[PDB]
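This document starts with one chain, in the form deposited in one PDB entry, laid out as structure tokens.
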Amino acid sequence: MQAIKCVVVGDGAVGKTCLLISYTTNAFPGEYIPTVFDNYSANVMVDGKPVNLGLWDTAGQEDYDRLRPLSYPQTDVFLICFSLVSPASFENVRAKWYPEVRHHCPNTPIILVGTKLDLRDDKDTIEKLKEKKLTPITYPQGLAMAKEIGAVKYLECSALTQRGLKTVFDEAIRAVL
């Protein structure tokens, strides 16, 4: 049965840990958001064919440019993440994440994921951005960034509402099969 290593990368603002917990437990953690998600694996069926999906978090390593790539070798698919309500995280896809992932894993598929979809229409979030002369990241901005990096898919999700979340991981697996 096919084994799949999926590494999740991106800025601290994406909520990587929260993404993975919400995905694996089928719920936003709400009460308390754990800082630790340990390397995880589970059998899922995609398009019939069952698969063993391995998920590794990278939260904590955002400042350690030489430690991050210790997790990269033999990855089958990367999720390069940014938060839809952080323009700086979206630009870091280009400035930080894509270059290192390419440098170490030139032929590994990338899914581009925008997290925090539920905040893109939230008044307070929008206003807080307006005060910095910014706006949330919209769909065509994601598509264009996806083309620029060679991403096989651009997907948007919320850990909070579950919207698009199960799809992210289905598609990670499809990008390997």
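Residue indices: 1-based, along the sequence shown. Shifts are known only where both forms have a C-alpha. Whichever C-alpha set is largest while still superposing within 1.5 Å between the two forms counts as the rigid core.
Just so you know, the form deposited in another entry exists too; it's not on screen, but the next bit is about it.
Just one of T35, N52, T138, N39 moves its Cα by 2 Å or more between this form and the one not shown on a rigid core overlay, and this residue is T35. Fitting the two forms on the rigid core leaves the C-alpha of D63 displaced by at least 2 angstroms between this form and the one not shown. By 3 Å or more, the C-alpha separation between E62 and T167 grows in that other deposited form relative to the form shown here. Between this form and the other one, the CA-CA gap for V9 and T35 narrows by 3 Å or more, being smaller in that other deposited form. In this core-based overlay, residues 27-38, 46-50, 59-64 form runs of three or more whose Cα positions differ by 2 Å or more between this form and the one not shown.
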